[PDB]
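So this first bit is one chain, no partners, the form deposited in one PDB entry, shown in structure tokens.
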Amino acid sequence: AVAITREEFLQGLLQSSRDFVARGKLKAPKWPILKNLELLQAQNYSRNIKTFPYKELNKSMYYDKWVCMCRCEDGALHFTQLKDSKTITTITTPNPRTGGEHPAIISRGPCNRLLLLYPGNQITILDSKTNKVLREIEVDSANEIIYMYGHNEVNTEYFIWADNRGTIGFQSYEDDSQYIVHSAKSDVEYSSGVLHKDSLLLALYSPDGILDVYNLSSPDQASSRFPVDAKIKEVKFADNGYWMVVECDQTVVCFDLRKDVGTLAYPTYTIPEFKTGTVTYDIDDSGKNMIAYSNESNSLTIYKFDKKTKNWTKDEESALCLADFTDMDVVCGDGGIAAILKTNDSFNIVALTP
């Protein structure tokens, strides 16, 4: 390939990681007072298809977050992508598989690469721009792959995959070349994962409290287990590089990666109101801004984390009122803040403005 030994690969990973470790260290712009809202788009989608948000370092040294929804019809994949209010586009790419089978996981890679995981650990890589098949890949592992991601800046010759018992490997986009850095355990049983900014730390987790962080650059080093009591719905590595935010059903737990495993950045926060109940919410990738929706009152509520007081408080100046949503995502590029409200098979995109 280009890397002949794992030792050679590990050195390329550390090097590339050190290239970008000092970049992307400026803060995203502070959120303004949001008073208006606009329903931009109502579409159907296939919720069973898990899509990981794609992160890109921008010229202002902070990260853009692209969120994607997929709708799978008759040999075609319909994508809706955005990183803010003005970057909403819908793309149609062909589904390379037989019988219109749905992918289990879809993720992006650099150079317009589209990673499609099908059950049985079979991966198809497409060029979303040219509609060509680039790779047909099989991963030899008895366990189901539950994480797949390609970093946009660090070690961009490979993408990452992980199965539900902790096998972690890298796969070359162009060559039949791969390297395993962690092998299967088993207490565990993971459902998802998330990669740290510097692409050296990978967190694998499950809804029932399990959270293990693996070090990708030192093979088979014991993973660290973080104490969560509680129902995990998402784990995020905040863009500042030292917060690990654990979004639960009605609690927010934030770990400080600089200290001993288990040390919190601030006291655990309870979501008001669960009723509880159908209130849903989402935190942006800065870990400082939060939007919550209430089905009962059809209202969006904005919370802000105060570094001084170390807790979340509601911004009362944001009276946002608007259809039964069960989940949501938030985006906030310089084009405007948008909230993606989701049911179990459709979504509405809501532009929020001052």
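Residues carry their position along the shown sequence, with the first being 1. Between two forms, the rigid core is the largest collection of C-alphas that superpose within 1.5 Å.
Heads up, the form deposited in another entry isn't pictured, but that's what we're talking about next.
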Only one of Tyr54, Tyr45, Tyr63, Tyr303 crosses a C-alpha shift of 2 angstroms between this form and the one not shown, counting 2 angstroms or more, core aligned. Which residue?
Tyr63
Checked in the other entry: CA of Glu317 to CA of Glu247 differs by 3 Å or more, atoms lying closer
Distance change of 3 Å or more between the C-alpha atoms of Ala292 and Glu317 in the other entry: closer or farther compared with this structure?
closer
